[PDB]
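1. model this:
(chains A, B, C, D and E)
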Amino acid sequence: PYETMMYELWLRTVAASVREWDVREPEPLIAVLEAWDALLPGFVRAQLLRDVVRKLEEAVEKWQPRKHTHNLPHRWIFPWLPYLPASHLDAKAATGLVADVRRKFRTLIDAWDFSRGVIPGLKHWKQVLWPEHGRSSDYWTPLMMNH
Amino acid sequence: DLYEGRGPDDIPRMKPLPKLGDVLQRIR
Amino acid sequence: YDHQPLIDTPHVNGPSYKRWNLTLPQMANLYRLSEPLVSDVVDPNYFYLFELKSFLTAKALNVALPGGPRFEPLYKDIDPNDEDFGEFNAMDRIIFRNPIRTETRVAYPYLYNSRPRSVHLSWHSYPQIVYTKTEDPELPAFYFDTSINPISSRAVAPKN
Amino acid sequence: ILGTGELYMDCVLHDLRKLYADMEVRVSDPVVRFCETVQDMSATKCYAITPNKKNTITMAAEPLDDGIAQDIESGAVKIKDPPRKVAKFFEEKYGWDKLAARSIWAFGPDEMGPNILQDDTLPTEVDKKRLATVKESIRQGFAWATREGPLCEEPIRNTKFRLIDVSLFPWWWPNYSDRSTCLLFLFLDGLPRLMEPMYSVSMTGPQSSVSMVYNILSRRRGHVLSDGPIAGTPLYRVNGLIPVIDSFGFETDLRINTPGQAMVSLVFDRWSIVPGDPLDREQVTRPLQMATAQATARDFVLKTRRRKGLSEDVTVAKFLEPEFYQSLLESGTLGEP
Amino acid sequence: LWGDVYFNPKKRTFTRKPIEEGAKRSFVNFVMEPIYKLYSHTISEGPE
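-> Residues are numbered from 1 along each chain as shown, chains lettered A, B, ... in the order given. The relevant structure is shown in the block below.
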């Protein structure tokens, strides 16, 4: 009973806070998650992680890699990196935050002129999307060398 | 944890809270 | 507890006992005395897919609603093996999402059934009842209940 | 038959069986009308040579910016508006170059369609009168080709085309399938994606009902945009988003599962990107089985192709000239067939 | 009758603020309470 009441009320409040808050500053949301993660059930944690991943994927899809360089996608996705799911964080996945970041980096590399300089956040994006072991699962080196 | 959270079987069906006066009456 | 109550009063048409008229205090007292045997249901939306037309549609479709009756089939003629691989039964052609339930097959019988014979179109919805029965007996007829969401001035907010 | 929703198509199929045709009609499982788009700009400047080897067309494709498709569908700009006003609108609103905004030729598939065609060609290299005649040919050929699209023969949205230089246009062209074909291969080089329609969900009901709405949308791949009380009532209104293909049965499931009474409206809202890459040959879906989160676009496009009767896979060889096909296969821009 | 205006009775005046703490709006006092009383006395009272 307490678990389900906490699930309903607290997860609804956390989802409302996630919808209301700005994506570019996830430090207060991460602090709330760290503080309330002791009493948070697994279902509420999974739903909150799904909402956060949806907000991050929406921000990554909506932000223009060539134009909207003020809000760094790497710095925005850094705060939710440890709590992100494996499916979203997998660079080899067809859909996900990491897949969208890799596709945006490839598009920026393809449509990037030498006069504008290097792409901001590409170093941390390649650090996130570079597998430690496995040549077939490394999506950083091949996309970079092809774009 | 995420699998049990997203599992339609594992995401439990909920029920409402108890009555404290009824619990005290049951104890008495 | 009279045998034919109110038969000599102006509350009935006459000794043939055929038409009655009762006052509001009398009707309220009878409702309170009949409290163990009166329906609590106020919303007509309570019986969505649990009323006669839904039961008849489920009977014609040879399906059973949750909690409802079950009958002999109306049509024991269609088997998919009779509906063998002509055009439509291609599992490689049908996109499978999460499955459609019996309640949905009954709620929309012409969309979700290939041969919807003898099915009945049930009432779709009613406006939701926002009436709640007051428990506190000292409360007046008209009062802002705690169950009602409050109206704020900035919730109204004429902007421009 | 394409219609608005479950009740709409129930009424339509009732009127078909009992009112107009007066017979028994076999009806499939409901599905959605898809769309197509691109998410990366074209890397290879693709060219095509006529069957008589007179004319050559060189171009590239690009995703459009946010808001152009919705503004052109609403009618902020028109193909019959003055070109100076059209160029002024694009330059002012989207930060577009004056030359490009004046060089925008075509809206596709129709006057208010969501695809645009612009020539980045130089007048120093292309003569305008031949460019005018082949431009009208490209008008109607691009219009013919953009209804189909390469993935599942479903119309394509949110696309920009740039006709690049060097492409020379001698007189007279009666064939259309050739630059249709290079538009299709240009989409493949642009690495396309599939788009599904979205219903905006809006329910009204009590608080047990809003909890159940969150649960059922979580199962059905939707999410709650907004959630509030209705002032002066004991009701709560919850707005959200769901795909149509996952919303089949959503209203009935919600109404039979909520302990209160929830009332649901499902309206068409927008087109959104389906999860997954449609061209990923790795992703395999079992028959009779729910598509995974990564294989969803692939599963949709294969079953759409097999439903329409097309080939089992996208044919780059059919979508290319053999010479440029072999050249790009040697260069490694395209994958292994 | 409509709006944030109030009817002060003995002055017979329409003012943006009430003359007494708890005086009635014009719309309430002249429209909305009569309809409430019509309903309440129609369903509540006996025939005579």
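2. who's in contact with the residue of chain B found nearest chain E?
-> Minimum separation of chain B from chain E (CB to the nearest CB) falls at residue B:16, amounting to 34.4 Å. C-beta here means a position set from N, CA and C on the backbone, and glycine is covered the same way. The neighbourhood of residue B:16, defined by CB atoms under 8 Å, 6 or more residues apart in numbering or on different chains, consists of residue A:1.
3. got the contact list for the closest residue to residue D:106 other than its chain neighbours?
-> Spatial nearest neighbour of residue D:106, chain neighbours left out: residue D:117 (3.6 Å); criterion: CB to CB, 6 or more residues apart in numbering or on different chains. If you count contacts by CB under 8 Å, 6+ apart, residue D:117 has them with D:104, D:105, D:106, D:107, D:108, D:138, D:142, D:161, D:163.
4. Of those, which is the most crowded?
-> Most neighbours among these, by other CB atoms under 10 Å in any protein chain shown: residue D:161, with 26 neighbours.
5. Which strands or helices does the helix or strand harbouring it pack on?
-> Assigned by DSSP states H and E, residue D:161 belongs to strand D:159-163. In terms of contacts (3 or more CB pairs under 8 Å, 6 or more residues apart in numbering or on different chains; DSSP states H and E), strand D:159-163 is packed against strand D:56-63, strand D:115-119, helix D:128-146, helix D:177-189.
6. List the contacts of the host helix or strand of residue D:264.
-> Using DSSP H and E, residue D:264 falls within strand D:263-273. Residues lying outside strand D:263-273 but in contact with it, judged by CB under 8 Å, 6+ apart, are A:61, C:125, C:128, D:4-5, D:35, D:37, D:39, D:157, D:193-205, D:241-244, D:247, D:250-251, D:254-255.
7. What separation do you get for the closest residue to residue E:18 other than its chain neighbours and chain D?
-> Closest residue to residue E:18 apart from its sequence neighbours, by CB to CB, 6+ apart: residue E:6 at 4.6 Å. Separation of residue E:6 from chain D (CB to the nearest CB, to the nearest Å) stands at 22 Å.
8. ok, back up a step: okay, buried residues for the strand holding residue D:264 please.
-> D:263, D:264, D:266, D:269, D:271, D:273 (16 or more other CB atoms under 10 Å in any protein chain shown).
9. So what does whatever residue of chain B ends up closest to chain C have for phi and psi?
-> Closest contact between chain B and chain C, by CB to the nearest CB, is at residue B:8 (8.6 Å). Here is the backbone geometry of residue B:8 (degrees, to the nearest 10): phi -60, psi -30.
10. Was I right to think it contacts residue D:216?
-> No - assessed by CB atoms under 8 Å, residue B:8 is found out of contact with residue D:216, at 9.6 Å.
11. Can you get me the start-to-end distance on stretch C:113-126?
-> Stretch C:113-126 has an end-to-end distance of 25 Å (criterion: CA to CA, to the nearest Å).
12. Pull the residues that contact that stretch.
-> The contact list for stretch C:113-126, computed with CB under 8 Å, 6+ apart, reads C:43-45, C:48-49, C:51, C:53-54, C:56-57, C:60-61, C:74-75, C:78, C:105, C:107, C:109-110, D:7, D:14, D:17, D:24, D:26-27, D:263.
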